[PDB]
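Peer 1: Got a file for you: structure.txt, compact mmCIF, C-alpha atoms and all ligand atoms.
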# COMPACT_ATOMS: atom_id res chain seq x y z
CA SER A 1 25.07 -14.99 6.52
CA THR A 2 25.32 -17.22 9.56
CA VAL A 3 24.19 -20.75 10.20
CA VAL A 4 22.18 -21.44 13.37
CA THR A 5 21.95 -24.93 14.91
CA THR A 6 19.02 -25.18 17.33
CA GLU A 7 18.51 -27.52 20.31
CA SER A 8 16.44 -29.88 18.12
CA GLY A 9 19.33 -30.31 15.65
CA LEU A 10 17.71 -28.13 12.96
CA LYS A 11 20.09 -25.91 10.99
CA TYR A 12 18.98 -22.76 9.18
CA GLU A 13 20.53 -19.94 7.24
CA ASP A 14 18.97 -16.71 5.98
CA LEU A 15 20.15 -16.44 2.36
CA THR A 16 18.19 -13.23 2.06
CA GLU A 17 16.60 -11.35 5.00
CA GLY A 18 13.00 -10.28 4.41
CA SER A 19 11.91 -6.67 4.72
CA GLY A 20 8.22 -7.46 5.52
CA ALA A 21 6.25 -8.81 8.50
CA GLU A 22 7.73 -11.53 10.79
CA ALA A 23 6.37 -15.11 10.71
CA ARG A 24 5.12 -16.23 14.19
CA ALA A 25 3.54 -19.54 15.30
CA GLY A 26 -0.29 -19.21 14.90
CA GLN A 27 -0.15 -17.37 11.56
CA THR A 28 -1.23 -18.88 8.27
CA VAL A 29 1.80 -18.38 6.04
CA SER A 30 2.32 -18.72 2.26
CA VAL A 31 5.63 -19.88 0.81
CA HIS A 32 7.42 -21.16 -2.25
CA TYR A 33 9.83 -24.00 -1.54
CA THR A 34 12.31 -26.34 -3.12
CA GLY A 35 13.46 -29.62 -1.52
CA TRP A 36 16.65 -31.60 -2.17
CA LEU A 37 18.24 -34.74 -0.88
CA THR A 38 21.84 -34.46 0.43
CA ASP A 39 23.17 -35.88 -2.90
CA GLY A 40 21.88 -32.73 -4.69
CA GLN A 41 18.78 -34.50 -6.18
CA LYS A 42 15.78 -32.09 -6.24
CA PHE A 43 12.65 -34.02 -5.07
CA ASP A 44 10.03 -31.19 -5.15
CA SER A 45 9.36 -27.52 -5.83
CA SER A 46 6.14 -25.51 -5.49
CA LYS A 47 7.48 -23.21 -8.27
CA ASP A 48 7.25 -26.19 -10.71
CA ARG A 49 3.46 -26.30 -10.09
CA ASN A 50 3.30 -22.46 -9.95
CA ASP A 51 1.36 -22.97 -6.71
CA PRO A 52 2.30 -21.27 -3.41
CA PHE A 53 2.02 -23.58 -0.38
CA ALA A 54 -0.03 -22.36 2.61
CA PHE A 55 0.07 -23.75 6.16
CA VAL A 56 -0.54 -22.82 9.82
CA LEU A 57 2.86 -22.13 11.32
CA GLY A 58 3.26 -24.40 14.37
CA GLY A 59 0.09 -26.29 13.30
CA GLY A 60 1.64 -29.81 13.25
CA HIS A 61 0.64 -30.37 9.60
CA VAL A 62 4.17 -30.10 8.22
CA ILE A 63 7.33 -31.96 9.24
CA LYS A 64 8.80 -30.70 12.54
CA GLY A 65 11.78 -29.01 10.80
CA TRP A 66 9.38 -26.71 8.93
CA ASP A 67 7.17 -25.78 11.88
CA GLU A 68 10.33 -24.84 13.83
CA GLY A 69 12.39 -23.43 10.93
CA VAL A 70 9.93 -21.02 9.28
CA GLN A 71 9.36 -19.13 12.56
CA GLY A 72 11.27 -15.83 12.56
CA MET A 73 11.40 -15.38 8.76
CA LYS A 74 10.31 -11.97 7.39
CA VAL A 75 8.16 -11.63 4.26
CA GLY A 76 10.45 -11.52 1.21
CA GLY A 77 12.97 -13.73 3.03
CA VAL A 78 14.68 -16.84 1.66
CA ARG A 79 15.81 -19.26 4.35
CA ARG A 80 17.69 -22.55 3.84
CA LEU A 81 16.77 -25.42 6.23
CA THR A 82 18.89 -28.54 6.84
CA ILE A 83 16.52 -31.00 8.51
CA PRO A 84 17.87 -34.14 10.20
CA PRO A 85 15.61 -37.25 9.82
CA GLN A 86 13.96 -37.09 13.31
CA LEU A 87 12.53 -33.65 12.29
CA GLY A 88 11.57 -34.90 8.78
CA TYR A 89 10.36 -38.35 7.73
CA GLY A 90 12.55 -40.41 10.15
CA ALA A 91 13.11 -44.12 9.61
CA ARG A 92 10.05 -44.52 7.35
CA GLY A 93 10.96 -41.99 4.65
CA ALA A 94 8.32 -40.89 2.12
CA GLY A 95 7.56 -43.74 -0.33
CA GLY A 96 9.28 -43.34 -3.70
CA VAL A 97 10.67 -39.80 -2.94
CA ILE A 98 12.51 -39.57 0.38
CA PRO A 99 14.60 -42.52 1.60
CA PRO A 100 14.64 -43.86 5.16
CA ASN A 101 16.80 -41.80 7.57
CA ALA A 102 17.33 -38.85 5.21
CA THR A 103 18.61 -35.37 5.97
CA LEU A 104 16.64 -32.91 3.83
CA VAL A 105 17.56 -29.50 2.49
CA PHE A 106 14.84 -26.98 1.77
CA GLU A 107 14.95 -23.43 0.50
CA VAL A 108 11.83 -21.55 1.66
CA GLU A 109 10.67 -18.17 0.34
CA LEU A 110 8.12 -16.41 2.58
CA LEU A 111 5.38 -14.78 0.43
CA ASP A 112 2.91 -13.68 3.10
CA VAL A 113 1.87 -14.06 6.77
CA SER B 1 -19.25 -9.40 -18.50
CA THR B 2 -22.61 -10.23 -16.91
CA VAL B 3 -23.97 -9.50 -13.45
CA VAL B 4 -25.41 -12.40 -11.43
CA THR B 5 -27.91 -11.84 -8.62
CA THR B 6 -28.14 -14.82 -6.27
CA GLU B 7 -31.01 -16.06 -4.11
CA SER B 8 -29.38 -14.22 -1.12
CA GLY B 9 -29.48 -10.79 -2.87
CA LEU B 10 -25.68 -10.86 -3.53
CA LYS B 11 -24.57 -9.46 -6.90
CA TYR B 12 -21.28 -10.45 -8.51
CA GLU B 13 -19.57 -9.68 -11.79
CA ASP B 14 -16.39 -11.16 -13.14
CA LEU B 15 -14.38 -8.13 -14.37
CA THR B 16 -11.67 -10.62 -15.43
CA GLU B 17 -12.04 -14.44 -15.58
CA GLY B 18 -9.08 -16.28 -13.98
CA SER B 19 -7.00 -18.90 -15.87
CA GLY B 20 -5.89 -20.93 -12.80
CA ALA B 21 -7.53 -23.27 -10.25
CA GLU B 22 -11.18 -22.72 -9.15
CA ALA B 23 -11.95 -21.44 -5.61
CA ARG B 24 -14.10 -24.02 -3.72
CA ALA B 25 -15.51 -23.96 -0.15
CA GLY B 26 -12.90 -25.69 2.10
CA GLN B 27 -9.82 -24.19 0.45
CA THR B 28 -7.65 -21.59 2.17
CA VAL B 29 -7.60 -18.76 -0.40
CA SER B 30 -5.40 -15.64 -0.74
CA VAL B 31 -6.76 -12.43 -2.17
CA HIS B 32 -6.18 -8.77 -2.67
CA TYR B 33 -9.25 -6.63 -2.19
CA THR B 34 -10.55 -3.12 -2.22
CA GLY B 35 -13.76 -2.11 -0.42
CA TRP B 36 -15.99 0.92 -1.11
CA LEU B 37 -19.26 2.41 0.07
CA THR B 38 -21.95 3.02 -2.64
CA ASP B 39 -20.91 6.73 -2.80
CA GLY B 40 -17.36 5.66 -3.95
CA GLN B 41 -15.62 6.33 -0.58
CA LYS B 42 -12.88 3.72 -0.26
CA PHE B 43 -12.90 2.20 3.29
CA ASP B 44 -10.09 -0.38 2.92
CA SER B 45 -7.58 -2.02 0.59
CA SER B 46 -5.14 -4.89 1.20
CA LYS B 47 -2.97 -3.42 -1.64
CA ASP B 48 -2.43 -0.23 0.49
CA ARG B 49 -1.07 -2.39 3.37
CA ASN B 50 0.94 -4.54 0.87
CA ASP B 51 -0.63 -7.49 2.67
CA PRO B 52 -2.62 -10.23 0.89
CA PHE B 53 -5.64 -11.52 2.84
CA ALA B 54 -5.92 -15.26 3.51
CA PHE B 55 -9.14 -16.95 4.68
CA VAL B 56 -10.89 -20.34 4.65
CA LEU B 57 -13.57 -20.10 1.98
CA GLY B 58 -16.88 -20.99 3.60
CA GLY B 59 -15.31 -20.89 7.09
CA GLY B 60 -17.65 -18.23 8.54
CA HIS B 61 -14.86 -15.76 9.42
CA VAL B 62 -15.81 -13.21 6.81
CA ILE B 63 -19.07 -11.43 6.05
CA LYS B 64 -21.63 -13.72 4.33
CA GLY B 65 -21.26 -11.91 0.95
CA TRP B 66 -17.58 -12.98 0.81
CA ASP B 67 -18.03 -16.60 1.79
CA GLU B 68 -20.68 -16.93 -0.95
CA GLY B 69 -19.20 -14.48 -3.50
CA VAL B 70 -15.59 -15.77 -3.79
CA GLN B 71 -16.73 -19.33 -4.56
CA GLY B 72 -16.28 -20.07 -8.31
CA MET B 73 -13.50 -17.50 -8.90
CA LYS B 74 -10.41 -18.76 -10.72
CA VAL B 75 -6.88 -17.81 -9.74
CA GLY B 76 -5.91 -14.55 -11.51
CA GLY B 77 -9.57 -13.47 -11.69
CA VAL B 78 -11.04 -10.16 -10.51
CA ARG B 79 -14.60 -10.25 -9.25
CA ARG B 80 -16.74 -7.31 -8.10
CA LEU B 81 -19.15 -8.09 -5.26
CA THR B 82 -22.13 -5.83 -4.39
CA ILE B 83 -23.14 -6.95 -0.94
CA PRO B 84 -26.46 -5.86 0.62
CA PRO B 85 -26.22 -5.10 4.36
CA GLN B 86 -27.80 -8.42 5.49
CA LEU B 87 -24.74 -10.19 3.92
CA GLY B 88 -22.37 -7.47 5.27
CA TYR B 89 -22.49 -5.60 8.64
CA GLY B 90 -26.27 -5.24 8.87
CA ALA B 91 -27.69 -2.52 11.16
CA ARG B 92 -24.55 -2.31 13.36
CA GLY B 93 -22.07 -1.41 10.60
CA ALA B 94 -18.44 -1.31 11.77
CA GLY B 95 -17.38 1.65 13.96
CA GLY B 96 -15.98 4.66 12.08
CA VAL B 97 -15.59 2.82 8.71
CA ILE B 98 -18.95 1.32 7.64
CA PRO B 99 -22.28 2.99 8.56
CA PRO B 100 -25.55 1.17 9.52
CA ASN B 101 -27.44 -0.60 6.69
CA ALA B 102 -24.53 -0.16 4.24
CA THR B 103 -24.43 -1.79 0.85
CA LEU B 104 -20.75 -2.63 0.19
CA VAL B 105 -18.82 -2.91 -3.04
CA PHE B 106 -15.68 -5.01 -3.11
CA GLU B 107 -13.27 -5.84 -5.89
CA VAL B 108 -11.52 -9.14 -5.13
CA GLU B 109 -8.43 -10.45 -6.93
CA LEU B 110 -7.82 -14.20 -6.37
CA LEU B 111 -4.08 -14.73 -5.86
CA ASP B 112 -3.96 -18.44 -4.78
CA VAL B 113 -6.07 -21.39 -3.56
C1 LIG A 201 -3.97 -35.12 2.27
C2 LIG A 201 -2.74 -35.18 1.82
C3 LIG A 201 -2.23 -34.24 0.76
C4 LIG A 201 -1.46 -33.08 1.38
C5 LIG A 201 -0.69 -32.36 0.30
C6 LIG A 201 -0.51 -31.01 0.22
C7 LIG A 201 -1.07 -30.03 1.23
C8 LIG A 201 0.30 -30.46 -0.92
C9 LIG A 201 1.74 -30.20 -0.42
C10 LIG A 201 2.40 -29.11 -1.27
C11 LIG A 201 2.59 -31.50 -0.34
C12 LIG A 201 3.35 -31.89 -1.63
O1 LIG A 201 2.46 -32.32 -2.64
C13 LIG A 201 2.83 -31.86 -3.95
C14 LIG A 201 4.40 -32.99 -1.41
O2 LIG A 201 5.45 -32.32 -0.70
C15 LIG A 201 6.67 -33.03 -0.56
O3 LIG A 201 7.23 -33.32 -1.83
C16 LIG A 201 7.57 -32.06 0.19
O4 LIG A 201 8.29 -31.29 -0.44
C17 LIG A 201 7.59 -32.00 1.64
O5 LIG A 201 8.34 -32.78 2.22
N1 LIG A 201 6.78 -31.09 2.28
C18 LIG A 201 5.79 -30.15 1.65
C19 LIG A 201 6.05 -28.72 2.08
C20 LIG A 201 5.94 -28.61 3.58
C21 LIG A 201 7.02 -29.51 4.18
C22 LIG A 201 6.86 -30.98 3.78
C23 LIG A 201 5.66 -31.56 4.49
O6 LIG A 201 5.58 -31.49 5.70
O7 LIG A 201 4.60 -32.20 3.73
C24 LIG A 201 3.48 -32.69 4.50
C25 LIG A 201 3.64 -34.17 4.68
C26 LIG A 201 3.71 -35.04 3.47
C27 LIG A 201 3.69 -34.65 5.96
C28 LIG A 201 3.82 -36.11 6.30
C29 LIG A 201 2.40 -36.62 6.55
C30 LIG A 201 2.41 -38.10 6.95
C31 LIG A 201 3.28 -38.35 8.18
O8 LIG A 201 3.43 -39.74 8.40
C32 LIG A 201 4.68 -37.79 8.01
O9 LIG A 201 5.35 -37.92 9.28
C33 LIG A 201 6.78 -37.92 9.14
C34 LIG A 201 4.70 -36.33 7.55
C35 LIG A 201 2.17 -32.36 3.78
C36 LIG A 201 2.09 -30.86 3.63
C37 LIG A 201 0.90 -32.95 4.48
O10 LIG A 201 0.70 -32.28 5.73
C38 LIG A 201 -0.38 -32.77 3.71
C39 LIG A 201 -0.46 -33.54 2.42
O11 LIG A 201 0.27 -34.52 2.23
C40 LIG A 201 6.40 -34.39 0.15
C41 LIG A 201 7.64 -35.29 0.15
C42 LIG A 201 5.18 -35.13 -0.44
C43 LIG A 201 3.99 -34.23 -0.60
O12 LIG A 201 2.93 -34.93 -1.27
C44 LIG A 201 2.04 -35.67 -0.39
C1 LIG A 202 -9.64 -10.46 15.47
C2 LIG A 202 -9.81 -9.35 14.80
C3 LIG A 202 -8.85 -8.87 13.74
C4 LIG A 202 -9.19 -9.55 12.43
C5 LIG A 202 -8.57 -8.77 11.29
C6 LIG A 202 -7.94 -9.36 10.26
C7 LIG A 202 -7.75 -10.84 10.12
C8 LIG A 202 -7.37 -8.50 9.17
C9 LIG A 202 -8.40 -8.36 8.03
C10 LIG A 202 -7.67 -8.01 6.73
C11 LIG A 202 -9.57 -7.36 8.34
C12 LIG A 202 -9.22 -5.87 8.12
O1 LIG A 202 -8.22 -5.42 9.04
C13 LIG A 202 -7.43 -4.32 8.54
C14 LIG A 202 -10.45 -4.92 8.20
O2 LIG A 202 -11.23 -5.21 7.05
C15 LIG A 202 -12.28 -4.32 6.74
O3 LIG A 202 -11.81 -2.99 6.48
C16 LIG A 202 -12.84 -4.90 5.44
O4 LIG A 202 -12.47 -4.46 4.36
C17 LIG A 202 -13.82 -5.99 5.42
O5 LIG A 202 -15.00 -5.65 5.40
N1 LIG A 202 -13.41 -7.29 5.40
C18 LIG A 202 -12.02 -7.84 5.38
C19 LIG A 202 -11.86 -8.66 4.13
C20 LIG A 202 -12.80 -9.83 4.19
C21 LIG A 202 -14.21 -9.30 4.23
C22 LIG A 202 -14.49 -8.36 5.39
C23 LIG A 202 -14.64 -9.15 6.66
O6 LIG A 202 -15.48 -10.04 6.68
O7 LIG A 202 -13.81 -8.84 7.80
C24 LIG A 202 -13.97 -9.64 8.97
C25 LIG A 202 -14.84 -8.92 9.94
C26 LIG A 202 -14.40 -7.54 10.40
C27 LIG A 202 -15.98 -9.55 10.36
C28 LIG A 202 -16.96 -8.96 11.34
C29 LIG A 202 -16.59 -9.55 12.70
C30 LIG A 202 -17.59 -9.19 13.78
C31 LIG A 202 -19.05 -9.46 13.41
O8 LIG A 202 -19.84 -8.76 14.37
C32 LIG A 202 -19.44 -8.97 12.02
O9 LIG A 202 -20.70 -9.57 11.68
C33 LIG A 202 -21.39 -8.97 10.56
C34 LIG A 202 -18.40 -9.30 10.94
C35 LIG A 202 -12.57 -9.93 9.56
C36 LIG A 202 -11.76 -10.65 8.52
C37 LIG A 202 -12.59 -10.72 10.89
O10 LIG A 202 -13.10 -12.03 10.64
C38 LIG A 202 -11.22 -10.89 11.57
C39 LIG A 202 -10.68 -9.62 12.16
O11 LIG A 202 -11.41 -8.67 12.41
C40 LIG A 202 -13.26 -4.27 7.93
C41 LIG A 202 -14.36 -3.25 7.65
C42 LIG A 202 -12.50 -4.00 9.27
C43 LIG A 202 -11.36 -5.02 9.45
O12 LIG A 202 -10.59 -4.80 10.63
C44 LIG A 202 -11.25 -5.17 11.84
CA CA A 203 -1.74 -22.72 -3.20
CA CA A 204 -1.40 -11.62 4.82
As a first step, turn the structure in this file into structure tokens.
Ligand SMILES: C=CC[C@@H]1/C=C(\C)C[C@H](C)C[C@H](OC)[C@H]2O[C@@](O)(C(=O)C(=O)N3CCCC[C@H]3C(=O)O[C@H](/C(C)=C/[C@@H]3CC[C@@H](O)[C@H](OC)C3)[C@H](C)[C@@H](O)CC1=O)[C@H](C)C[C@@H]2OC
Ligand SMILES: C=CC[C@@H]1/C=C(\C)C[C@H](C)C[C@H](OC)[C@H]2O[C@@](O)(C(=O)C(=O)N3CCCC[C@H]3C(=O)O[C@H](/C(C)=C/[C@@H]3CC[C@@H](O)[C@H](OC)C3)[C@H](C)[C@@H](O)CC1=O)[C@H](C)C[C@@H]2OC
Ligand SMILES: [Ca+2]
Ligand SMILES: [Ca+2]
Peer 2:
Amino acid sequence: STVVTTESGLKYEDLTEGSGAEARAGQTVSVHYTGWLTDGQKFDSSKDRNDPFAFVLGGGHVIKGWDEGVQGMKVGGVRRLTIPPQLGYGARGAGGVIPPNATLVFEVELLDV
Amino acid sequence: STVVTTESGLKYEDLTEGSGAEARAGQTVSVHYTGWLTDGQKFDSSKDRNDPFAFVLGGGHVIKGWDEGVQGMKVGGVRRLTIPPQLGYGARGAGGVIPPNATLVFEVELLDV
């Protein structure tokens, strides 16, 4: 599998290519995800709550790295995102979970579009 | 299981009670469904398309019987809705699938909220 670095600085890698429908901006998508800090510390997983996460792709209600990075996935796909801080939580971080200026790694599994 | 007839004329019956979170107006819910006419002719199923159906419960983008009927389901539950035409497609029906003045029967499986 290849790694793609976009103009924004996002990096992504398809760990498994999906066989289903393609995710496009505008669609309401459902995913499972896991998030880690660059030291390997897991900070969150939707699988731990057994609760798929739904959002409007390109809707501006998730961090920029997600809105950009989930586009192009196919249902059944697992994509790994490496999100630099300007496309995540930037200088502020996310109180008690994500430090200031953090690069974030997510694995995203696309369940439906 | 019991059958409930609401003030609107909607009838619903919980074929299986869900064990997960309750569906409330406002939530974006994901379901599988099958739809039939009162003579048992199947007109649609999301299972046949392998494509779960997401919608905003109470958002007015589904027939009135759905917006009302899916409220109160729990994740994992299967609810049968009997929808009179005034809470469905009324006198117009829906070209080449649902005739005028059709009572509709749906089975709805709540996948996520
Ligand atoms: C009303 C609020 C509750 C509402 C909560 C949910 C829908 C449940 C949902 C599963 C979130 C998780 O709850 C278990 C939990 O997910 C994290 O652990 C996480 O993995 C993460 O990073 N995710 C979630 C998955 C999408 C990407 C990213 C995100 O974009 O999250 C978004 C986020 C926090 C954006 C901030 C918003 C503030 C800005 O200042 C900042 O701008 C830089 C960016 C989330 C989706 C918000 O849009 C909406 C919410 O917050 C956060 C570390 C903290 C967060 O809990 C709050
Ligand atoms: C932009 C258009 C595409 C867009 C299509 C999708 C998102 C895909 C989605 C799975 C629909 C199915 O696509 C395969 C297919 O589902 C049926 O087979 C069906 O089982 C059905 O009855 N459903 C769908 C499940 C929710 C309840 C109900 C519905 O409320 O459907 C709504 C409906 C048709 C409402 C009419 C709208 C016009 C009014 O005049 C009338 O007012 C009384 C009510 C649907 C969700 C619309 O909001 C949005 C759309 O149409 C219809 C028999 C025909 C319909 O395809 C068209
Ligand atoms: Ca959910
Ligand atoms: Ca879908």
Peer 1: Please produce chain B as a PDB file with C-alpha atoms, keeping the file's coordinate frame once it has been superposed on chain A, the fit using all Cα atoms paired in sequence order.
Peer 2:
ATOM      1  CA  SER B   1      25.032 -15.027   6.448  1.00  0.00           C
ATOM      2  CA  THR B   2      25.413 -17.276   9.497  1.00  0.00           C
ATOM      3  CA  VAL B   3      24.191 -20.802  10.153  1.00  0.00           C
ATOM      4  CA  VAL B   4      22.207 -21.458  13.347  1.00  0.00           C
ATOM      5  CA  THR B   5      21.970 -24.928  14.883  1.00  0.00           C
ATOM      6  CA  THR B   6      19.055 -25.245  17.304  1.00  0.00           C
ATOM      7  CA  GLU B   7      18.581 -27.487  20.335  1.00  0.00           C
ATOM      8  CA  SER B   8      16.564 -29.895  18.073  1.00  0.00           C
ATOM      9  CA  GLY B   9      19.477 -30.395  15.604  1.00  0.00           C
ATOM     10  CA  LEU B  10      17.785 -28.176  12.941  1.00  0.00           C
ATOM     11  CA  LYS B  11      20.127 -25.912  10.957  1.00  0.00           C
ATOM     12  CA  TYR B  12      18.907 -22.753   9.245  1.00  0.00           C
ATOM     13  CA  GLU B  13      20.549 -19.966   7.292  1.00  0.00           C
ATOM     14  CA  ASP B  14      18.975 -16.799   6.020  1.00  0.00           C
ATOM     15  CA  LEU B  15      20.174 -16.536   2.384  1.00  0.00           C
ATOM     16  CA  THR B  16      18.171 -13.279   2.176  1.00  0.00           C
ATOM     17  CA  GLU B  17      16.607 -11.391   5.133  1.00  0.00           C
ATOM     18  CA  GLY B  18      12.990 -10.311   4.457  1.00  0.00           C
ATOM     19  CA  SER B  19      11.831  -6.658   4.732  1.00  0.00           C
ATOM     20  CA  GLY B  20       8.154  -7.389   5.583  1.00  0.00           C
ATOM     21  CA  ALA B  21       6.198  -8.809   8.553  1.00  0.00           C
ATOM     22  CA  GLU B  22       7.745 -11.529  10.798  1.00  0.00           C
ATOM     23  CA  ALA B  23       6.412 -15.130  10.655  1.00  0.00           C
ATOM     24  CA  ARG B  24       5.065 -16.170  14.112  1.00  0.00           C
ATOM     25  CA  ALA B  25       3.468 -19.458  15.285  1.00  0.00           C
ATOM     26  CA  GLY B  26      -0.339 -19.068  14.817  1.00  0.00           C
ATOM     27  CA  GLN B  27      -0.197 -17.240  11.486  1.00  0.00           C
ATOM     28  CA  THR B  28      -1.285 -18.858   8.226  1.00  0.00           C
ATOM     29  CA  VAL B  29       1.805 -18.384   6.025  1.00  0.00           C
ATOM     30  CA  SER B  30       2.343 -18.737   2.247  1.00  0.00           C
ATOM     31  CA  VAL B  31       5.630 -19.924   0.839  1.00  0.00           C
ATOM     32  CA  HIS B  32       7.437 -21.158  -2.193  1.00  0.00           C
ATOM     33  CA  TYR B  33       9.860 -23.972  -1.521  1.00  0.00           C
ATOM     34  CA  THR B  34      12.317 -26.315  -3.096  1.00  0.00           C
ATOM     35  CA  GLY B  35      13.375 -29.588  -1.442  1.00  0.00           C
ATOM     36  CA  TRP B  36      16.556 -31.618  -2.065  1.00  0.00           C
ATOM     37  CA  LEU B  37      18.300 -34.705  -0.748  1.00  0.00           C
ATOM     38  CA  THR B  38      21.913 -34.222   0.541  1.00  0.00           C
ATOM     39  CA  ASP B  39      23.261 -35.527  -2.829  1.00  0.00           C
ATOM     40  CA  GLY B  40      21.548 -32.550  -4.638  1.00  0.00           C
ATOM     41  CA  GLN B  41      18.642 -34.593  -6.125  1.00  0.00           C
ATOM     42  CA  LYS B  42      15.633 -32.277  -6.181  1.00  0.00           C
ATOM     43  CA  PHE B  43      12.507 -34.126  -4.868  1.00  0.00           C
ATOM     44  CA  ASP B  44       9.939 -31.286  -5.038  1.00  0.00           C
ATOM     45  CA  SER B  45       9.318 -27.616  -5.787  1.00  0.00           C
ATOM     46  CA  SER B  46       6.152 -25.515  -5.431  1.00  0.00           C
ATOM     47  CA  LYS B  47       7.585 -23.203  -8.175  1.00  0.00           C
ATOM     48  CA  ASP B  48       7.412 -26.151 -10.682  1.00  0.00           C
ATOM     49  CA  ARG B  49       3.661 -26.565  -9.927  1.00  0.00           C
ATOM     50  CA  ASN B  50       3.181 -22.733  -9.973  1.00  0.00           C
ATOM     51  CA  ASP B  51       1.393 -23.260  -6.667  1.00  0.00           C
ATOM     52  CA  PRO B  52       2.354 -21.445  -3.438  1.00  0.00           C
ATOM     53  CA  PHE B  53       2.079 -23.574  -0.279  1.00  0.00           C
ATOM     54  CA  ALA B  54      -0.048 -22.291   2.610  1.00  0.00           C
ATOM     55  CA  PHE B  55       0.118 -23.731   6.144  1.00  0.00           C
ATOM     56  CA  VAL B  56      -0.552 -22.767   9.774  1.00  0.00           C
ATOM     57  CA  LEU B  57       2.848 -22.122  11.320  1.00  0.00           C
ATOM     58  CA  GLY B  58       3.152 -24.341  14.379  1.00  0.00           C
ATOM     59  CA  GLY B  59      -0.020 -26.259  13.423  1.00  0.00           C
ATOM     60  CA  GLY B  60       1.599 -29.724  13.275  1.00  0.00           C
ATOM     61  CA  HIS B  61       0.671 -30.381   9.619  1.00  0.00           C
ATOM     62  CA  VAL B  62       4.204 -30.181   8.316  1.00  0.00           C
ATOM     63  CA  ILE B  63       7.391 -31.984   9.299  1.00  0.00           C
ATOM     64  CA  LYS B  64       8.846 -30.697  12.613  1.00  0.00           C
ATOM     65  CA  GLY B  65      11.806 -28.964  10.859  1.00  0.00           C
ATOM     66  CA  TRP B  66       9.340 -26.673   9.021  1.00  0.00           C
ATOM     67  CA  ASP B  67       7.157 -25.755  11.964  1.00  0.00           C
ATOM     68  CA  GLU B  68      10.309 -24.754  13.888  1.00  0.00           C
ATOM     69  CA  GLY B  69      12.407 -23.462  10.952  1.00  0.00           C
ATOM     70  CA  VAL B  70       9.974 -20.979   9.310  1.00  0.00           C
ATOM     71  CA  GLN B  71       9.382 -19.112  12.586  1.00  0.00           C
ATOM     72  CA  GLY B  72      11.298 -15.774  12.558  1.00  0.00           C
ATOM     73  CA  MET B  73      11.415 -15.404   8.747  1.00  0.00           C
ATOM     74  CA  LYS B  74      10.315 -12.043   7.353  1.00  0.00           C
ATOM     75  CA  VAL B  75       8.166 -11.670   4.260  1.00  0.00           C
ATOM     76  CA  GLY B  76      10.418 -11.592   1.158  1.00  0.00           C
ATOM     77  CA  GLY B  77      13.093 -13.644   2.954  1.00  0.00           C
ATOM     78  CA  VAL B  78      14.731 -16.853   1.716  1.00  0.00           C
ATOM     79  CA  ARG B  79      15.808 -19.325   4.361  1.00  0.00           C
ATOM     80  CA  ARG B  80      17.655 -22.623   3.855  1.00  0.00           C
ATOM     81  CA  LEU B  81      16.693 -25.393   6.280  1.00  0.00           C
ATOM     82  CA  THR B  82      18.862 -28.515   6.828  1.00  0.00           C
ATOM     83  CA  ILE B  83      16.547 -30.936   8.548  1.00  0.00           C
ATOM     84  CA  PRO B  84      17.866 -34.122  10.207  1.00  0.00           C
ATOM     85  CA  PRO B  85      15.584 -37.154   9.734  1.00  0.00           C
ATOM     86  CA  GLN B  86      14.072 -37.003  13.268  1.00  0.00           C
ATOM     87  CA  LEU B  87      12.571 -33.580  12.273  1.00  0.00           C
ATOM     88  CA  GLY B  88      11.681 -34.898   8.764  1.00  0.00           C
ATOM     89  CA  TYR B  89      10.391 -38.383   7.735  1.00  0.00           C
ATOM     90  CA  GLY B  90      12.504 -40.424  10.152  1.00  0.00           C
ATOM     91  CA  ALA B  91      13.077 -44.128   9.366  1.00  0.00           C
ATOM     92  CA  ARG B  92       9.959 -44.450   7.148  1.00  0.00           C
ATOM     93  CA  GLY B  93      10.888 -41.768   4.594  1.00  0.00           C
ATOM     94  CA  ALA B  94       8.139 -41.058   2.045  1.00  0.00           C
ATOM     95  CA  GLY B  95       7.525 -43.702  -0.660  1.00  0.00           C
ATOM     96  CA  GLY B  96       9.491 -43.223  -3.894  1.00  0.00           C
ATOM     97  CA  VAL B  97      10.646 -39.633  -3.076  1.00  0.00           C
ATOM     98  CA  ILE B  98      12.492 -39.584   0.281  1.00  0.00           C
ATOM     99  CA  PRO B  99      14.532 -42.598   1.497  1.00  0.00           C
ATOM    100  CA  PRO B 100      14.804 -43.841   5.145  1.00  0.00           C
ATOM    101  CA  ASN B 101      16.891 -41.702   7.550  1.00  0.00           C
ATOM    102  CA  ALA B 102      17.147 -38.822   5.039  1.00  0.00           C
ATOM    103  CA  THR B 103      18.579 -35.453   5.911  1.00  0.00           C
ATOM    104  CA  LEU B 104      16.577 -32.896   3.878  1.00  0.00           C
ATOM    105  CA  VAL B 105      17.549 -29.514   2.517  1.00  0.00           C
ATOM    106  CA  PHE B 106      14.831 -26.991   1.793  1.00  0.00           C
ATOM    107  CA  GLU B 107      14.965 -23.446   0.513  1.00  0.00           C
ATOM    108  CA  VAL B 108      11.869 -21.546   1.668  1.00  0.00           C
ATOM    109  CA  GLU B 109      10.732 -18.174   0.311  1.00  0.00           C
ATOM    110  CA  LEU B 110       8.182 -16.407   2.575  1.00  0.00           C
ATOM    111  CA  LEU B 111       5.509 -14.841   0.353  1.00  0.00           C
ATOM    112  CA  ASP B 112       2.899 -13.696   2.965  1.00  0.00           C
ATOM    113  CA  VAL B 113       1.801 -14.037   6.615  1.00  0.00           C
TER     114      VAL B 113
END
Peer 1: Closest to ligand CA 204 (chain A) among A:50, A:27, A:7, A:38, using all atoms listed in the file?
Peer 2: A:27
Peer 1: Using only C-alpha atoms, which residues sit within 12 Å of residue 46 (chain A) once same-chain residues fewer than 3 positions away are excluded, as number ranges by chain?
Peer 2: A: 30-35, 42-43, 49-54, 106-109
